[PDB]
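Asks: Okay, here's the structure, questions in a sec.
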Amino acid sequence: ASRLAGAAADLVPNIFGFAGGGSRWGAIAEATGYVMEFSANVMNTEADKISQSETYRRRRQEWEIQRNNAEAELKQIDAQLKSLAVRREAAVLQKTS
Amino acid sequence: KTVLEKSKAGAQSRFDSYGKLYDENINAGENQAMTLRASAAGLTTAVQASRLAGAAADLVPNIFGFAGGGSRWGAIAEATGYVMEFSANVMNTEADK
């Protein structure tokens with residue numbers, strides 16, 4: 001941005017005095033200098049930072065699902081332990097018999 | 001029954017989590033990154049086209065005064081410029097989108 005602004009300091013004062021469309025040419029070189037150096041570069045830079053934070057977001061989601069899978073297994077197992085405890089109590093009654 | 005119900009809850013959690021990811025094919029930040037990148041590519045394309053329109057305009061009224069195709073060594077510049085600076089780059093810009 002400052003390298004362009006540096007150059008702009010010598011070019012813009014001259015562009016300023018010319019009437020006309022793209023045929024002025026210097027007028028366009030400044031416009032395209034800015035569009036690439038600042039605007040295209042910034043739009044891409046921001047896009048990439050976002051894709052990276054989104055990449056970490058997606059990674060999080062997978063971990064979220066897997067911690068949930070483990071939790072579901074723990075809950076199912078506790079229920080299984082309870083089922084077994086009942087079976088055990090029945091086995092004790094079988095001994096009573 | 002309790003054990004099976006806990007098992008079901010596990011399946012339900014996975015269903016809901018994947019059902020959601022499926023609907024959100026592209027996330028919000030992801031759409032924003034695509035948008036900014038498309039804009040950068042858009043502006044980049046405009047810059048290449050603009051600088052090239054200039055370079056081509058500068059050759060046309062002169063290369064037309066010579067016999068030959070690429071052998072005019074002017075017309076070939078228009079082609080080496082435009083094709084490598086713009087067309088090859090557009091074909092890749094689209095390939096990435």
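Residues are named by chain letter and number: chains run A, B, ... in the order of the structure tokens, numbers start at 1 in each chain, and ligands are numbered from 1 in the order shown.
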Can you work out which residues from chain A touch chain B at a cut-off of 9 Å (counting only C-alpha atoms) and hand them back as an MDAnalysis selection string?
Replies: chainID A and resid 22:23 25 28:29 31:33 35:36 39:51 53:55 61 65 68:73 75:80 82:83
Asks: Let's see if you can do this: from backbone DSSP, list all alpha helix (DSSP H) residues in segment 2-92 of chain A, as a VMD selection string.
Replies: chain A and resid 2 to 15 26 to 34 41 to 92
Asks: Quick one, how far is atom CA of residue 75 of chain B from atom CA of residue 63 of chain B?
Replies: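 Going from atom CA of residue 75 of chain B over to atom CA of residue 63 of chain B covers 6.1 Å.
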Asks: Residues at most 12 Å from residue 59 of chain B, counting only C-alpha atoms, excluding those fewer than 5 positions away in the same chain, as a PyMOL selection string?
Replies: chain B and resi 52-54+64-66+72-79+81
Asks: So that I have them on file, write out the residues from the current selection with N, CA, C and O atoms, as an mmCIF file, in the first residue's frame.
Replies:
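out_23.cif, freshly written:
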```
data_model
loop_
_atom_site.group_PDB
_atom_site.id
_atom_site.type_symbol
_atom_site.label_atom_id
_atom_site.label_comp_id
_atom_site.auth_asym_id
_atom_site.auth_seq_id
_atom_site.Cartn_x
_atom_site.Cartn_y
_atom_site.Cartn_z
ATOM 1 N N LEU B 52 -3.570 -5.679 -20.191
ATOM 2 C CA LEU B 52 -3.459 -6.307 -21.485
ATOM 3 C C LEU B 52 -4.211 -5.552 -22.543
ATOM 4 O O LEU B 52 -3.744 -5.467 -23.671
ATOM 5 N N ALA B 53 -5.365 -4.969 -22.211
ATOM 6 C CA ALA B 53 -6.085 -4.198 -23.203
ATOM 7 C C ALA B 53 -5.189 -3.071 -23.665
ATOM 8 O O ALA B 53 -5.156 -2.737 -24.852
ATOM 9 N N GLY B 54 -4.441 -2.512 -22.714
ATOM 10 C CA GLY B 54 -3.493 -1.453 -22.984
ATOM 11 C C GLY B 54 -2.393 -1.976 -23.877
ATOM 12 O O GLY B 54 -2.239 -1.544 -25.019
ATOM 13 N N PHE B 64 -0.531 -4.251 -37.614
ATOM 14 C CA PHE B 64 -1.362 -4.329 -38.802
ATOM 15 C C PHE B 64 -0.660 -3.785 -40.050
ATOM 16 O O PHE B 64 -1.164 -3.957 -41.158
ATOM 17 N N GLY B 65 0.478 -3.097 -39.889
ATOM 18 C CA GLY B 65 1.213 -2.552 -41.018
ATOM 19 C C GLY B 65 2.310 -3.506 -41.518
ATOM 20 O O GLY B 65 3.049 -3.170 -42.448
ATOM 21 N N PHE B 66 2.429 -4.689 -40.907
ATOM 22 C CA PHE B 66 3.477 -5.636 -41.280
ATOM 23 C C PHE B 66 2.895 -6.920 -41.852
ATOM 24 O O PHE B 66 1.826 -7.360 -41.449
ATOM 25 N N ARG B 72 5.629 -11.232 -37.176
ATOM 26 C CA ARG B 72 5.694 -9.781 -37.083
ATOM 27 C C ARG B 72 6.372 -9.372 -35.769
ATOM 28 O O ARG B 72 6.657 -8.201 -35.530
ATOM 29 N N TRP B 73 6.507 -10.329 -34.841
ATOM 30 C CA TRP B 73 7.123 -10.210 -33.515
ATOM 31 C C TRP B 73 6.489 -9.158 -32.604
ATOM 32 O O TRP B 73 7.022 -8.810 -31.551
ATOM 33 N N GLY B 74 5.327 -8.706 -33.021
ATOM 34 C CA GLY B 74 4.440 -7.770 -32.368
ATOM 35 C C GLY B 74 3.202 -8.552 -32.009
ATOM 36 O O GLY B 74 2.889 -8.764 -30.838
ATOM 37 N N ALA B 75 2.543 -9.101 -33.034
ATOM 38 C CA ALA B 75 1.345 -9.913 -32.893
ATOM 39 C C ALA B 75 1.602 -11.093 -31.966
ATOM 40 O O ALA B 75 0.729 -11.490 -31.181
ATOM 41 N N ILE B 76 2.817 -11.621 -31.990
ATOM 42 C CA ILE B 76 3.164 -12.728 -31.128
ATOM 43 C C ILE B 76 3.189 -12.230 -29.686
ATOM 44 O O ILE B 76 2.966 -13.026 -28.784
ATOM 45 N N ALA B 77 3.564 -10.970 -29.452
ATOM 46 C CA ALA B 77 3.643 -10.469 -28.103
ATOM 47 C C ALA B 77 2.255 -10.342 -27.567
ATOM 48 O O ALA B 77 1.977 -10.665 -26.412
ATOM 49 N N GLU B 78 1.321 -9.914 -28.431
ATOM 50 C CA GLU B 78 -0.043 -9.771 -27.968
ATOM 51 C C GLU B 78 -0.534 -11.129 -27.513
ATOM 52 O O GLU B 78 -1.137 -11.255 -26.444
ATOM 53 N N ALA B 79 -0.244 -12.160 -28.319
ATOM 54 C CA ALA B 79 -0.634 -13.517 -27.993
ATOM 55 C C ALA B 79 0.109 -14.115 -26.793
ATOM 56 O O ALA B 79 -0.524 -14.759 -25.959
ATOM 57 N N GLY B 81 1.386 -12.525 -24.323
ATOM 58 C CA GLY B 81 0.950 -11.734 -23.205
ATOM 59 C C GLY B 81 -0.420 -12.226 -22.823
ATOM 60 O O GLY B 81 -0.615 -12.833 -21.779
#
```
Asks: Could you check how far atom CA of residue 61 of chain B sits from atom CA of residue 26 of chain A, in Å to one decimal?
Replies: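 Distance reported for this atom pair: 19.6 Å.
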Asks: Do you have the atom CA of residue 9 of chain A-atom CA of residue 21 of chain A distance handy?
Replies: 20.9 Å
Asks: When you look at residue 4 of chain A with a cut-off of 10 Å (counting only C-alpha atoms), what residues show up, excluding the ones that are within fewer than 2 positions of it in the same chain? I need them as a list in words.
Replies: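 Returned residues: residues 1, 2, 6, 7, 8, 9, 30, 33, 34, 37 and 38 of chain A.
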Asks: Produce a file of the selected residues containing N, CA and C atoms, as an mmCIF file, in the first residue's frame.
Replies:
```cif
data_model
loop_
_atom_site.group_PDB
_atom_site.id
_atom_site.type_symbol
_atom_site.label_atom_id
_atom_site.label_comp_id
_atom_site.auth_asym_id
_atom_site.auth_seq_id
_atom_site.Cartn_x
_atom_site.Cartn_y
_atom_site.Cartn_z
ATOM 1 N N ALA A 1 0.817 -1.187 0.000
ATOM 2 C CA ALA A 1 0.000 0.000 0.000
ATOM 3 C C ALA A 1 0.864 1.256 0.000
ATOM 4 N N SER A 2 1.964 1.265 0.772
ATOM 5 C CA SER A 2 2.824 2.434 0.828
ATOM 6 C C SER A 2 3.745 2.535 -0.379
ATOM 7 N N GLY A 6 3.522 5.736 -2.612
ATOM 8 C CA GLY A 6 4.749 6.406 -2.949
ATOM 9 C C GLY A 6 4.667 6.776 -4.414
ATOM 10 N N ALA A 7 4.408 5.786 -5.272
ATOM 11 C CA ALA A 7 4.321 6.002 -6.715
ATOM 12 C C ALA A 7 3.184 6.943 -7.105
ATOM 13 N N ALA A 8 2.082 6.850 -6.370
ATOM 14 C CA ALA A 8 0.887 7.631 -6.613
ATOM 15 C C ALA A 8 1.226 9.098 -6.485
ATOM 16 N N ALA A 9 2.146 9.409 -5.580
ATOM 17 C CA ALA A 9 2.560 10.773 -5.338
ATOM 18 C C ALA A 9 3.131 11.430 -6.591
ATOM 19 N N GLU A 30 -2.877 3.647 -12.578
ATOM 20 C CA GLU A 30 -3.049 3.860 -11.165
ATOM 21 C C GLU A 30 -4.235 3.034 -10.685
ATOM 22 N N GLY A 33 -3.189 -0.475 -10.325
ATOM 23 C CA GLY A 33 -2.172 -0.609 -9.319
ATOM 24 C C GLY A 33 -2.895 -0.844 -8.013
ATOM 25 N N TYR A 34 -3.875 0.016 -7.721
ATOM 26 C CA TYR A 34 -4.651 -0.095 -6.497
ATOM 27 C C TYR A 34 -5.466 -1.352 -6.437
ATOM 28 N N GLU A 37 -2.921 -4.285 -5.918
ATOM 29 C CA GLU A 37 -2.062 -4.272 -4.746
ATOM 30 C C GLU A 37 -2.808 -4.247 -3.448
ATOM 31 N N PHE A 38 -3.912 -3.559 -3.435
ATOM 32 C CA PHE A 38 -4.659 -3.497 -2.231
ATOM 33 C C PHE A 38 -5.900 -4.353 -2.295
#
```
